[PDB]
Amino acid sequence: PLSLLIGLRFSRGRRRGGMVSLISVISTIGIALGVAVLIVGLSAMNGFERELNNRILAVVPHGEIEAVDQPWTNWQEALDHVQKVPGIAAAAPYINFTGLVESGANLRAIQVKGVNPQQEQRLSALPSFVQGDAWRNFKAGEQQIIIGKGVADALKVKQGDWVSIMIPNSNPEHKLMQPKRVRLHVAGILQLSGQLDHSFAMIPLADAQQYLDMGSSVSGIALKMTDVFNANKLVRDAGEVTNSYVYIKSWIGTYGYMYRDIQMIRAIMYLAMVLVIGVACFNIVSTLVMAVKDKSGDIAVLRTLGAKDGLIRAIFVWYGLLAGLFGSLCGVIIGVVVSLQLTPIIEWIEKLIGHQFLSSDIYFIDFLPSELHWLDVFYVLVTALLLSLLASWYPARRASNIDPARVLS
Amino acid sequence: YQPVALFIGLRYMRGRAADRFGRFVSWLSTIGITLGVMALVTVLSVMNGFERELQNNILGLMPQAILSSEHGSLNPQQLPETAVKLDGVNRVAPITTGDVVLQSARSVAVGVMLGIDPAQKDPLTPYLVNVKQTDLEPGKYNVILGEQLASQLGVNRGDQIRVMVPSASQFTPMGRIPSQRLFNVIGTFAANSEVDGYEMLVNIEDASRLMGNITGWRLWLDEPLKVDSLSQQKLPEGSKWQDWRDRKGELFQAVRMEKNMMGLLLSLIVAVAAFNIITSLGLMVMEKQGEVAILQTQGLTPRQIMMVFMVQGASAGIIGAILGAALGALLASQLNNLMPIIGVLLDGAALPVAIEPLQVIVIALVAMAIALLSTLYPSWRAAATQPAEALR
Amino acid sequence: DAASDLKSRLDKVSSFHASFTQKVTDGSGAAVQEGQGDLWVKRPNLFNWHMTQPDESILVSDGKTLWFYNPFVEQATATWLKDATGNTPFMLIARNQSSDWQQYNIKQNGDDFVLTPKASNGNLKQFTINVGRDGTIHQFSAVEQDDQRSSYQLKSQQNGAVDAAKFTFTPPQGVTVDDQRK
Amino acid sequence: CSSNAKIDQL
Amino acid sequence: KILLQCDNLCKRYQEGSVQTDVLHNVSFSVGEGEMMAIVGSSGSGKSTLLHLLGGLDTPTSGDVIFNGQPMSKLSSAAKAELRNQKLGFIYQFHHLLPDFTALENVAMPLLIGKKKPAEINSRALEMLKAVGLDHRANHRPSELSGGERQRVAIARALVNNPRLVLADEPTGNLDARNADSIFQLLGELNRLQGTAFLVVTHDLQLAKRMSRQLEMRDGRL
Amino acid sequence: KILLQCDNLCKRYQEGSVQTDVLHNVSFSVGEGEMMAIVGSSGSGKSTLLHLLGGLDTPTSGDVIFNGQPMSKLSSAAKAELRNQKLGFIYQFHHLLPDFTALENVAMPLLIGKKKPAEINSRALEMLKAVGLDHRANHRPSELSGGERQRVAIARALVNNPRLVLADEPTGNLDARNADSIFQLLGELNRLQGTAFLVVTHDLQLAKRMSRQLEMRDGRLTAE
Ligand SMILES: *C[C@@H](COC(=O)CCCCCCCCCCCCCCC)OC(=O)CCCCCCCCCCCCCCC
Ligand SMILES: *C(=O)CCCCCCCCCCCCCCC
């Protein structure tokens, strides 16, 4: 089924003239090095987008409504207003607090929020990333608080001991009073593997009403949107249906850089790796200049047997493509075993270098994920063959305008 | 015509074909080198521009090098400013450092207390929003809160706050309470950074933490990045070194880790360009079998015939790294000066570049080194061969 | 039967003028600071002690409030008596009431009167009591569960009465006043 | 990454 | 009976930066069935007629019309359709392909002509019986002898029954046993359809076997 | 009169990864004035003998002592100073360099030996001009003919010929008419300072005319 341009060309590559076997190894791994680091590079960026949908978007609410300092006398009617808006799935109130978790000779800034435990699971998955099973019996009377993982190693605390935090003293008169250090016990620890581990804490809503000495009053209304990309138009529609112009914001001004700077890598290393194959395509140019010189007598047989100039041009185009297909396909088969098994690879280098890469104190996550997609594998195979076609077209043009009369035919 | 026999055997081997394509395939090892050095200078200059932007904002303020004593408190009468003759510093000023908490009329917060002198100059002085540096009077216990610090606390101009030192405290037997003190604001400062979220400027003459002396000297470093070499130097007795690694140690380590990751990402172009010389010189020996074997018949040692192919693999690395550093220093300098169609950022507000003179030299000598190790193996096959076992 | 030893001789004493010391020790077994001065211990509600040479801490009691003046930072505050802790051993030597009767299994082996609770909520585990033959307290040292030990030796024993004129709060000229009484 | 921006909007 | 019309084919040859004319007024044609015995010496213009009759170079002196079209006036694409149908080339310096087998070396013009695939497999076997390569069907030319490699070039030229065959000394690289039998099977097609062939010899011993006799003095064949 | 102290040669050429005896019993002594013409068949060993006694390779069985030094018991650094002073090599398969010119090809032994810089413009110029290459001074070897390219390899040899000149088929590529005109010009140096040349050919018309007739028939150096 193969034509004359393909099926009668692999016998010409079987040439032995000394150290030519070393040229077939360097030119193979020279073009397979750029493909093997491009498959594991784009699959690693797909892993950072996979971990962003569940460990960032599913734990942080999109709606963020800071109203006037009058503590929400119309919060009951405001919960049903944003619920009937198309685009918003659910809604739940929250009270912003600021405390300092301390156990002795250590101070850590924490952000305490008061959410209802029987209402937070409808719009976001907070207990889906908790190590301990003690996520229930979260009601009034017990006075418990669950903290993250970043404050667990810094405070050197466990699940069960009593800690001392700070609460804001509520007073309508502008003066200074004594601080209150309420003694609460830790009822579990959660793990998000990121920045929300040392500055995140949640308390039940029934326990936050007695701290400010109020009744039924909240200090913020949170919600959840279905379309996470439209964080500009949908937020302005919910702010006017409830009250006047207040301090209304969204997650696009805070976590907008986490979704960013991964598509910049999709443009930076793409242009940086086609230059690697572009230098690797120069080995294909060097091996086709020689291929015309040593087989110059074989071209003189075709010029006497009735072959046009288009047939001789198509011989050396597919001759360099067969040498490029053996190197490009050898980089794909060594990229699947690294992308699918990256977790025993990255952890092996960290055991002999001491400091582990991608520390979760300032980065996105701690480990290095990898999500191999079959769409990105097809994008490199067209890219690796288009660079090999432009590099093999110019030696194929020189092999057709040669004079068969000046050579011995 | 040249008297040197080593260079006369390879000068006519550069350009031999009369066609323009025959000389284009001979200089392919040069184009692969100068496109990797240009990709290593222009990209890393953008990362150095983001690093210098984080140096004038995070390491401009929040002073790095303090000289704490063995017991913490340093007496200025025993250790004067004329005794600390360490290298790298340029100005010695009294300063104190201690983590405190905040207690306003609305909520609580945390911050870092910084006691500056009202007579000495400070980089926070031009960033003061209608605040005078001479307003810090001893005995009045004033405070200069930040912009983001007073915003979350609800503190305006003319509010009384309460600070408290949790580390250094007098352990009274009537309940273990820390030492607290009421502070009055005089104004806020704005710096458009993360410094004004926790920094507070108080007077240097205060006994809120302990005692009357200071904790250390404020050392302005000329290069605050290489503090590892400035900490293991000849240190005087009764003093300790405390750099910026206690607070922002993991922040600037991530910037240096991303520089080595992108630096290793762009160094693969030079490795394939070093592989191009092995393929180019690997085929030249197989076709010049009558030229190498006729040189040994004219009374030539095999040590000199190895240098004929050694310079041919080195001439592409010498002129490739010079042209790569020349074109790499013109694209990064004229990136945003000529025309902004090179790719607009999300803000586009004065995107900086940084061309380090010591970074260009260390990059180009590596490109002249990898091309040299990829030349000895094709040169060994052309020098250790046998003239009797040649083609004729 | 030995629970009436501290409830018999400590009833006739009203006040005493004496000098005290302060010596705290951490878990390593070394001193980190020192404290000297005198003290005035009245029976029903008032208590008074001043450090002079090592530390400066001025505090009195007027019957309902609890002043606290610090000459180091030039600040003087005032709070209540029930909003703070009450499990300190300095308060039980003044009250001597039904709050000292919950479990309080007191032993006697001479001059030492160390006791400990079985089910408590506070963070104090034991404290020693040294009494005399005339009805005075010689040592009220206690320990904290952060491996911090303390000791308060007393000297210059004196028996006598004192009026309630010097117990009034008089701040120095040029100090700030705080109101923490809620 | 290394590009930090703390420009908030109310 | 004239196949090609030659008129003043004065060609040149660069010999040490000197354009020296090796042919002078080559206006002699071949005959249909008449075997041309061109006795030309190597170096005086013997190999020049092998490349100028097929159209490998430009003589820039005249025009050779074959069946109404000149070879010099036609383009390079217009001269490729008749080189494998009515033209043949037999050389003496072993101008073959060593990377192929002997079954497809005799069918090499059949692959370029994109003919019927059922006819290529039948033509390659009937030509091996004429040359004598019955046992060496699937064999590489690198391991063959001197006489066996010359028999492949005989079946390579005559593929679609050419009118004239440009043969450059087929005898000389083998023994005397296959000398007359190579010309007997070549002469067998002269009585079937009426073809011819042009042979270039150096001596006069093989010249009397051919019918016609046209000596080559300085191009005047 | 003895120059080459050639003993019994036992060079076993490894032809096909097997040690076979093809070059055996080769021993001859040459001198100035007389030119030995050793002939033979194509493949007997007359083509590989130009590299054995020329100093390119040793057979590890026959040690020739030309200038008082053992050839087999010698290092590589001590053997590169005898092939450019008292040894000449003539080939027949156009062993030249295409990147150079006609004047730079005959000056290549002058540049390797590191002679005086103001000497190669007169010594190498008069050597290529005496053969007949006068107007082709700066000419590339790719545009030359078969007879003109052979004369560049001829004039490359006689730049420093005290003795021990080794040739290999000066004819064959060109006609024997002008080949005899180069032998009389080469033979004129035998009566000025005293030298000799060793020519290897296959025909009988180029061996028995200069000094004497010799023949090597599979080790037998005599009895032609
Ligand atoms: C997220 C990034 C952000 O980095 C930055 O600091 C911003 C960089 C912006 C650069 C803009 C450049 C614009 C001009 C380009 C000019 C090009 C000219 C080309 C020639 C014409 O943080 C990082 O940098 C981290 C990126 C990490 C990427 C992944 C690296 C993986 C390395 C794997 C190496 C494997 C080696 C295997 C060897 C066998
Ligand atoms: C800035 O965006 C902080 C978030 C960090 C995640 C961005 C990913 C860049 C660092 C990871 C690069 C390693 C990938 C390995 C590919 C072979």
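The preceding data block contains the structure.
Engineer: Explain the overall build of chain C to me, please; I cannot follow it from the model alone.
Structural biologist: When helices and strands are counted, chain C shows one helix and 14 strands. Computed over the C-alpha atoms, the radius of gyration of chain C is 17 Å, within 12% of the 16 Å expected from 2.2 N^0.38 for a compact globule of 182 residues. If one aligns the C-alpha atoms of chain C with their principal axes, the spans along those axes are about 55 × 40 × 35 Å. Split into buried and exposed, the 182 residues of chain C put 36% on the buried side. Across chain C, every contact between residues at least 6 apart in sequence was considered, and the portion connecting residues at least 24 apart equals 43%. Looking at chain C as shown, the accessible area adds up to about 10,500 Å², and 51% of this sits on carbon and sulfur atoms. When the 18 positive and 21 negative side-chain charges of chain C are each reduced to one mean point, those points stand 7 Å apart.

Engineer: Sorry, what's going on with the nonpolar core here?
Structural biologist: In globular proteins that are soluble, nonpolar side chains generally tend to be buried together. Among the nonpolar cores identified, the biggest contains 69 residues, and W72(A), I88(A), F97(A), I203(A), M225(A) and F364(A) are the most heavily contacted of them. Apart from residues no more than four positions distant in its own chain, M225(A) is found in contact with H62(A), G87(A), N230(A), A231(A), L234(A), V235(A) and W251(A). Counting 67 residues, the second largest nonpolar core, distinct from the first, contains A280(A), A307(A), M284(B) and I363(B).

Engineer: Could you clarify how one ought to interpret the side chain of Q180(B) in this entry?
Structural biologist: In this structure, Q180(B) sits in strand β7 (residues 179–185). For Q180(B), a relative accessible area of 18% puts it in the buried group. Dropping the residues within four chain positions of it, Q180(B) is found in contact with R162(B), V163(B), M164(B), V73(C), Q75(C), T77(C) and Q180(C).

Engineer: Quick question: what am I supposed to make of the interface of chain A and chain C here?
Structural biologist: Many analyses report the size of an interface as the accessible area lost when the parts associate. Chain A puts five residues into the contact, and the matching count from chain C is six residues. Of the roughly 510 Å² buried between chain A and chain C on both sides combined, carbon and sulfur atoms contribute 44%. On inspection of chain A and its partner chain C, the count reaches zero salt bridges. The residue inventory of the side of chain A that touches chain C, partitioned by class, reads two nonpolar, one polar and two charged.

Engineer: It is not clear to me how the site of ligand 2 should be interpreted in this structure. Could you clarify?
Structural biologist: Inspection of the region around ligand 2 gives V40(A), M45(A), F48(A), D261(A), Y363(A), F364(A) and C1(D) as its neighbouring residues. Note that an oxygen atom of ligand 2 is positioned 2.3 Å from one of the backbone N or O atoms of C1(D). Alone, ligand 2 offers 510 Å² of accessible surface; in the complex the protein occludes 80% of this. In terms of residue class, the shell around ligand 2 is made up of six nonpolar, no polar and one charged.

Engineer: Before we go on, may I ask you to explain the site of ligand 1 in this structure?
Structural biologist: As a structural note, the neighbourhood of ligand 1 is formed by 14 residues, with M47(B), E258(B), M262(B), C1(D) and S2(D) the closest of them. At the site occupied by ligand 1, the surrounding residues belong to chains A, B and D. Between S2(D) and ligand 1, the recorded distance is 3.1 Å, taken from a side-chain N or O atom to an oxygen atom. Starting from 1,100 Å² of accessible surface for ligand 1 in isolation, the protein chains cover 71%. Per-class residue counts for the shell around ligand 1 are ten nonpolar, two polar and two charged.

Engineer: Looking at this structure, I do not really get the packing of helix α2 (residues 20–55) of chain A against helix α6 (residues 268–287) of chain B. What am I missing?
Structural biologist: Helices that pack against each other are described as a pair by the angle of their axes relative to one another and the distance between those axes. Where α2(A) meets α6(B), the closest approach of the two axes is 9 Å, and the angle between their N-to-C directions is 165°. Of the possible angle classes, the one that applies to α2(A) and α6(B) is roughly antiparallel. Once α2(A) is placed against α6(B), the crossing between them reads as left-handed. Every residue of α6(B) that contacts α2(A) at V20(A), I23(A), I26(A), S27(A), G30(A), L33(A) and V37(A) is listed here: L268(B), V272(B), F275(B), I278(B), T279(B), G282(B), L283(B) and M286(B).

Engineer: Before we go on, may I ask you to explain the state of the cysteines in this structure?
Structural biologist: What is meant by a disulfide is a covalent connection between two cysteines, made through their sulfur atoms. For the structure on display, the rule yields zero disulfides over all chains. Left without a disulfide partner, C6(E) is nearest to the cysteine sulfur of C10(E), which lies 12 Å away. In this model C10(F) remains outside any disulfide bridge; the closest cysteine sulfur is found in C6(F), 10 Å from its own. By relative accessible area, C10(F) is classed as partly exposed at 31%.

Engineer: Looking at this model, I keep getting lost on the environment of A350(B). Mind explaining?
Structural biologist: Here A350(B) lies in the loop between α8 (302–331) and α9 (357–373). In this structure, the C-alpha to C-alpha distance between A350(B) and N336(B), residues 14 residues apart in sequence, is 8.5 Å.

Engineer: What's the story with the packing of aromatic side chains in this structure? I'm lost.
Structural biologist: In this description, an aromatic ring pair is defined by two values, namely the gap between the centres and the angle between the planes. Per the counting criterion, the structure on display carries 13 aromatic pairs over all chains. For the ring pair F47(C) and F90(C), a centre distance of 6.3 Å and an interplane angle of 85° mean the geometry is edge-to-face. Of this pair, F47(C) sits in strand β5 (residues 47–50) while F90(C) sits in helix α1 (residues 89–95), and the two are 43 residues apart along the sequence. The exposure class assigned to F47(C) is buried, which follows from its relative accessible area of 8%. Classification of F90(C) as buried rests on a relative accessible area of 6%. An aromatic cluster is built from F47(C), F90(C), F140(C) and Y152(C), whose rings are joined through pairwise contacts. Of note, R91(B) hangs over the ring of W220(B), and the distance from its end group to the ring centre comes to 5.2 Å. Over the aromatic face of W244(B) sits the side chain of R245(B), whose NZ or CZ is 5.6 Å from the ring centroid.

Engineer: I tried to follow the interface of chain A and chain B on my own but got confused; where do I start?
Structural biologist: Each partner contributes residues to the interface: chain A has 50 residues there, and chain B has 49 residues. With both sides pooled, the region where chain A packs onto chain B buries about 4,400 Å², and carbon together with sulfur makes up 75% of that total. Across the chain A-chain B interface, the total number found is one salt bridge. The partner of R106(B) in a salt bridge is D69(A), and the shortest N-O contact between them spans 2.5 Å. On inspection of chain A and its partner chain B, the count reaches five residue pairs in polar contact. Elements supplying a minimum of two residues to the side of chain A that touches chain B: α2, β3 (95–101), α8 (265–280), α9 (282–294) and α14 (374–398) of chain A.

What counts as what
Residues numbered from 1 in each chain as written, not as in the entry; some residues may be left out. Chains lettered and ligands numbered in written order. Heavy atoms only, no water. Residues with missing side-chain atoms left out of burial classes, pairs and counts. Helix = DSSP H or I, 4+ residues; strand = E, 2+ residues; numbered from the N terminus. Rg over C-alpha atoms; globule rule 2.2 N^0.38 Å. Buried < 20%, exposed > 50% of the residue type's maximum accessible area, 1.4 Å probe, protein only. Contact = heavy atoms within 4.5 Å. Areas by Shrake-Rupley, 256 points an atom, 1.4 Å probe, with all protein chains shown as cover. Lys, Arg positive; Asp, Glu negative; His and termini not counted. Charge placed at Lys NZ, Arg CZ, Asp CG, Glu CD. Core = buried A, V, L, I, M, F, W, Y, C linked by side-chain atoms within 4.5 Å. Buried area = accessible area lost by both parts, 1.4 Å probe. Salt bridge = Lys/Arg side-chain N within 4 Å of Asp/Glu carboxyl O. Nonpolar A, V, L, I, M, F, W, Y, C, P; charged D, E, K, R; others polar. Near = heavy atom within 4 Å. Polar contact = N/O pair within 3.5 Å; in protein donor to acceptor, adjacent residues only side chain to side chain. Axes fitted to C-alpha atoms, helices over the stretch in contact; angles between N-to-C directions. Parallel < 35°, antiparallel > 145°, perpendicular 65-115°, else oblique. Left-handed = near helix turned anticlockwise from the far one by under 90°. Disulfide = S-S within 2.5 Å. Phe/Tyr/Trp six-rings, centres within 6.5 Å; stacked < 30°, edge-to-face > 60°. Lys NZ or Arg CZ within 6 Å of the ring centre and 35° of its normal.

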